[PDB]
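Commentary on secondary and tertiary structure
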Amino acid sequence: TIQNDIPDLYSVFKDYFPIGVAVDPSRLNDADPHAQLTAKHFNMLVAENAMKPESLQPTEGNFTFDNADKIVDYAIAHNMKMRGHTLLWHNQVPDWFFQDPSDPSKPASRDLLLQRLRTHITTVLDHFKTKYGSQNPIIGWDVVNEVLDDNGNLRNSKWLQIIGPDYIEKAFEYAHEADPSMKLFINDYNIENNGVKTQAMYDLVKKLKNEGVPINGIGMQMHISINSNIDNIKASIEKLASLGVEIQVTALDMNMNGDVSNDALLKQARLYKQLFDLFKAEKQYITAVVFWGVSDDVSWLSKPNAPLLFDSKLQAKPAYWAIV
Ligand SMILES: O[C@@H]1[C@@H](O)[C@H](O[C@@H]2CO[C@@H](O[C@@H]3CO[C@@H](O[C@@H]4CO[C@H](O)[C@H](O)[C@H]4O)[C@H](O)[C@H]3O)[C@H](O)[C@H]2O)OC[C@H]1O
């Protein structure tokens, strides 16, 4: 059971930015404590998995929007905005995209893969626009996810192998053409560490924006750890923000490296407080902060862990109280 009388988390940040959360469609019923926690504390929602490519077009032409729509219906019912995650990735994407349909032992051509990407993006954005219209809660999409490798080069996924480096620009062009009302993001992890990947994200967005690619924002996943350096996060935000794009913290959680002791929870609270003070300080750039999961028991990190503000019993942790 949840604590009904403690402060609604997002309300603490109303003069700064929406606070959202990634959810599973099976945790949205009124009587479910995870759904109670979701509606109480967040004013923004993201599908943890239901809007990924395999979740929306498992086989060619066979679109499966029921789970995504269940999440959108819930967001509408609770007056929450949404982020769309994600139109292109190298995981949770079906193999059929990359196969020649007459000979599945061979790869699709550059033109066929680009056409498939255009059809997927356009169908996905047109589905939400035609079904929900002005009530569509989605304000933007992660158009491409994790396109850099950890050395800062372009990740050599099947998209890069078949099409070449301009597949990124093309995804943005297709999404902008389908729905020019959506803010378009490039999303990635490790770009908060102020290392080679941060520099590479800055370089790639600088280049694509100067070429007229309609990129509106950079999504910083923020899968940080109990040992993360706040100074590196602040320097990454400043560097990426200098491009004149919005910054959203899209998938925040904290890896405890197996240490879930009471001492570690107190260290986690001090670090989360510093992190949120930094986000507030950078409110002129940051337009959303989203946690990657509702509570520790449903976090995607392997066990043992304690990554979020609500524990495995759905209770507020020391980090919740430090932030509010
Ligand atoms: O048919 C069933 C399968 O579909 C099911 O497969 C599961 C699907 O969930 C995978 O875990 C997900 C991996 O993505 C994580 O989100 C990432 C987090 O990192 C970045 O922020 C990134 O941008 C996000 O997309 C999700 O949090 C996580 O749930 C899982 O690995 C896979 O096995 O398996 C069972 C079948 O019945």
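Residues numbered from 1 in each chain as written, not as in the entry; some residues may be left out. Heavy atoms only, no water.

In the PDB header, X-ray crystallography is given as the technique by which the entry was determined, and 1.39 Å as its resolution.

As for the site of the ligand
Around the ligand, the structure places 13 residues, and the nearest of them are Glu48, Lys52, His85, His223 and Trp292. Contact between the ligand and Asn49: an oxygen atom at 3.0 Å from a side-chain N or O atom of the residue. A total of 730 Å² of accessible area belongs to the ligand in isolation, and the protein chains cover 50% of it. When the residues that make up the shell around the ligand are grouped by side-chain class, the tally is 4 nonpolar, 6 polar and 3 charged. (Near = heavy atom within 4 Å. Polar contact = N/O pair within 3.5 Å; in protein donor to acceptor, adjacent residues only side chain to side chain. Areas by Shrake-Rupley, 256 points an atom, 1.4 Å probe, with all protein chains shown as cover. Nonpolar A, V, L, I, M, F, W, Y, C, P; charged D, E, K, R; others polar.)

Brief notes about empty space enclosed by the protein
A full pass over the atoms with the stated rule returns 2 cavities of 30 Å³ or more. Roughly 50 Å³ of volume is contained in the largest cavity. Contributing elements (two or more residues each) for the lining of the largest cavity: β1 (19-23) and α1 (33-41). Counted by class, the lining of the largest cavity contains 4 nonpolar, 3 polar and 3 charged residues. Lining the second largest cavity are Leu88, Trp89, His90, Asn145, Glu146, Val147, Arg155, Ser157, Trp159 and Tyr167. Class assignment for the residues of the lining of the second largest cavity results in 5 nonpolar, 3 polar and 2 charged. (1 Å grid on protein atoms, 1.4 Å probe; cavity = no way out; pocket = protein on both sides within 12 Å on 5 of 7 lines; lining within 4 Å. Points joined across faces, edges and corners; volume = space filled by probe spheres on them. Helix = DSSP H or I, 4+ residues; strand = E, 2+ residues; numbered from the N terminus.)

Notes on the packing of helix α8 (residues 230-241) against helix α9 (residues 262-281)
One can describe the packing of α8 onto α9 by two numbers: an axis separation of 10 Å at closest approach and a directional angle of 20°. Between α8 and α9, the angle falls in the class roughly parallel. For the pair α8 and α9, the sense of crossing is right-handed. On α9, the residues touching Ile230, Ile233, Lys234 and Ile237 of α8 are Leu271, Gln274, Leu275, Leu278 and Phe279. (Axes fitted to C-alpha atoms, helices over the stretch in contact; angles between N-to-C directions. Parallel < 35°, antiparallel > 145°, perpendicular 65-115°, else oblique. Left-handed = near helix turned anticlockwise from the far one by under 90°. Contact = heavy atoms within 4.5 Å.)

Observations concerning the packing of aromatic side chains
Under the defined criterion, the tally for this structure stands at 19 aromatic pairs. Where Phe310 meets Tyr320, the ring centres are 5.6 Å apart and the plane angle is 50°; that geometry is what we call tilted. Taken as a pair, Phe310 in the loop between β9 (286-291) and α10 (318-323) and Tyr320 in helix α10 lie far apart in primary sequence, 10 residues in all. Each member of the pair, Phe310 as well as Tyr320, is classed as buried. Overall, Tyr320 belongs to the buried group, its relative accessible area being 0%. Within the aromatic cluster, the residues linked to one another by ring pairs are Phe13, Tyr16, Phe17, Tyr272, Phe276, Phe279 and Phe291. (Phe/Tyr/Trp six-rings, centres within 6.5 Å; stacked < 30°, edge-to-face > 60°. Buried < 20%, exposed > 50% of the residue type's maximum accessible area, 1.4 Å probe, protein only.)

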